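The chain below stands alone and is given as C-alpha cells, in the form deposited in one PDB entry.
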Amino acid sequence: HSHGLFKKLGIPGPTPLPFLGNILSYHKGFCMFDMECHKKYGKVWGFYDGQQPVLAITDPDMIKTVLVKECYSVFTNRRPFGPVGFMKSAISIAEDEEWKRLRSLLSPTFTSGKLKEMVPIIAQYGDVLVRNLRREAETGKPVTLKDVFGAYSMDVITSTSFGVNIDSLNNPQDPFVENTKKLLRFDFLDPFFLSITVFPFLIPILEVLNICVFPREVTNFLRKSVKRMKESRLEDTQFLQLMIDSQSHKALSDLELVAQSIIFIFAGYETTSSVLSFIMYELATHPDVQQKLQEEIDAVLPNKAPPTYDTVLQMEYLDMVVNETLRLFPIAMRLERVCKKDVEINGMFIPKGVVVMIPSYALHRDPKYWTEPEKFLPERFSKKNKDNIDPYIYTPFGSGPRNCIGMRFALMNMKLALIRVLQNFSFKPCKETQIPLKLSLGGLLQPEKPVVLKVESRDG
C-alpha cells in the first residue's frame, strides 16, 4: 500500500484513494489528466495507478537522461501490463538482455537500404487505394477514412511479410484479412485493464488459466499461418524473409519469430490508418494547406508520376504536414519507463519500481514551447523554424535505444499513401463532419465519432 512515496520525497500530485488510487481522475482520459496535472503541479508531479507510483517528468534534460543516457542500466524496461503469456517474447514487451538480443537481431530489417526494396511492394497498393477511393467518390456518398485507410494498412503489412496480395477492402472475409482485423488496440481505461491495474495480483491467476491479453483465436491462427508459409509454401531453395536469413548472441527461436510478426501487424494496421485519418481531416479543414501540398507533389512528380524512395524524402511540405499532425495527435500519448535501482537524475531522486512517465500529448500542447498550440500550423517544421523545436519535447516516435524501430517504415508508407491519394483526389469537409473534432475519453487516441469527408475527383 505504497501511497506516501511522493509526500516523503516532496513531489506534488493528486490525493490518492485506498486501493483505487487516482484512477477516478481518468474519466476525462489519459490526455486530459496529464494536461490538467501539468498546469497545476508544474515541471514534476506524481500519481498512483492503483498502488503503482507513477512519476511524470516534463524537463527536457530529465527526459534525455531517462530515454537516451541512463537507458541500458536504469530505465530499460516498460510498464508491465496484463497477462501477456506467450507474447512476452515480443520486442516491445521483452525486458533487460532479452530485449537487447531481439533489438540487434531485428535492427537490420529496418535499414535505409532494405527500405528501398520495400518501396515498389507498397506502391502497388497505392494504385489499389486510388482505385477503391474512386468508386466511393463516383457515388458522391460520404467517405469513412478509417475503413479506406485501414484496408490499405491491412494489405501493406501482409505484403511486406510474405506474399498475401489479397485486396483487403474487396475481400473482407479472407482468413488472413478477418483474423488480423480482430487485433484490437488495447484500451487501458476499459473495465478489464482497470481491474488489472487496481489488482495486479490477478495477473498470475489469469496466466495459470491460460487467459491471454491477446485473442487466442488470432494468435493460434498466425502461428500456424507463419509456420506453413515458411515451409509448405516456400520450401524450394534459390519482414519474414529477412527474419529467416537471421535465423554475439543469435539463436532465433521459432516461437519468438511468431511473436515479432504479430507485433508488426498490430503496430502497422491500427496506427498507420489512425494517423492517416487525422491528417486528411486537417487537410480538408484547411484547403490552403491541401492546395500547397498538391502543388508540391505535382512539382516533384509531373503528370501523376509514381513516387519512389528518393522522391518521398525530397518533399519538404509533405514532411511538415505529417510532423504537425503527429504533434497535435501523438498516438502513444505517454512514454513510460520502469526504474530498476535507487538512483538520482539531475538532482531529482527516483526510488525503485516507480514508473517514470513522459506526457507526450501534454508536452506537444505546452504554451512554453509552442506558439498557439491548439491551432494547426505546418510552418513550425520549416527549415527556418525547425531549430526552435526541442527533440525531447516533440516525441511522436520516442527517443533513445528503446524508440520506435519502424518509425522510418511508418513514415515511408504513410507519405506514399498521401502522395497517390492527393494526386488523384481533393478532400473537402462533408455535411456530417465534426468541427472542431473532439478526442475520445478512453485509453485510445482516436476521434469520438469516425472522420467522414466528402471526396471530389480531380477531373474525371
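Note that residue numbering begins at 1 and tracks the sequence as displayed. If you superpose the two forms and keep the largest set of C-alpha atoms that fall within 1.5 Å, you have the rigid core. Residues that one form lacks are left out of the comparison.
Undergrad: For the other entries of this protein included in the comparison (both sides of the residue modelled), is residue 161 absent in a third of them or more?
TA: Negative; every one of those entries includes residue 161.
Undergrad: Decide, for the other PDB entries of this protein that were compared, whether residue 104 is missing from at least a third of their models.
TA: Counting only entries that model residues on both sides, residue 104 is resolved in every one of them.
Undergrad: Answer with none, 1 to 3, 4 to 9, or 10 or more: how many deposited residues between residue 247 and residue 248 are not present in the coordinates.
TA: Gap between residue 247 and residue 248: 4 to 9 residues without coordinates.
Undergrad: Can you count, per the entry, how many deposited residues between residue 238 and residue 239 come without coordinates? Answer none, 1 to 3, 4 to 9, or 10 or more.
TA: The entry leaves 4 to 9 residues without coordinates here.
Undergrad: Would 128 to 136 or 84 to 92 have the larger average of its C-alpha temperature factors, as given in the entry?
TA: Between 128 to 136 and 84 to 92, it is 128 to 136.
Undergrad: On average, which has the higher Cα B-factor in the deposited entry, 145 to 153 or 324 to 332?
TA: Stretch with the greater average CA B-factor: 145 to 153.
Undergrad: Looking at 379, 316, 295, 167, which one carries the largest C-alpha B-factor according to the PDB entry?
TA: That would be 167.
Undergrad: By the CA temperature factor listed in this entry, which of these ranks top: 416, 55, 435, 63?
TA: Top of the list by C-alpha B-factor: 435.
Undergrad: Could you place residue 172 in the lowest, middle or highest third of its chain by Cα temperature factor, using the values in the record?
TA: Answer is highest: the recorded C-alpha B-factor places it there.
Undergrad: Among all modelled residues of this chain, ranked by Cα B factor, put residue 359 in the bottom, middle or top third, i.e. lowest, middle or highest.
TA: Tercile = lowest for this residue's CA B-factor.
Undergrad: Taking the C-alpha B-factors as the PDB entry records them, is residue 42 in the lowest, middle or highest third of its chain?
TA: As the PDB entry reports it, the C-alpha B-factor of residue 42 lands in the middle third of its chain.
Undergrad: Please place residue 288 in the lowest, middle or highest third of its chain by C-alpha B factor as given in the entry.
TA: Within its chain, residue 288 is a middle-third residue by C-alpha B-factor, going by the deposited values.
Undergrad: Based on the deposited C-alpha B factors for this chain, I'd like to know if residue 309 is in the lowest, middle or highest third.
TA: Residue 309: CA B-factor falls in the middle third of its chain.
Just so it is clear, the following notes concern the form deposited in another entry, a form of the same protein that is not shown.
Undergrad: If you fit the rigid core between this form and the one not shown, which of 171, 144, 311, 124 ends up with a C-alpha shift of 2 Å or more?
TA: The listed residue whose C-alpha shifts by at least 2 Å is 171.
Undergrad: Since the C-alpha distance between residue 445 and residue 172 changes by 3 Å or more in that other deposited form, give its direction relative to the shown form: closer or farther.
TA: Note: Cα gap between residue 445 and residue 172 widens in that other deposited form.
Undergrad: When the two are fit on their core, where are the runs of 3+ residues whose C-alphas each shift at least 2 angstroms between this form and the one not shown?
TA: Core-superposed, displaced stretches are 161 to 163, 170 to 175, 232 to 234.
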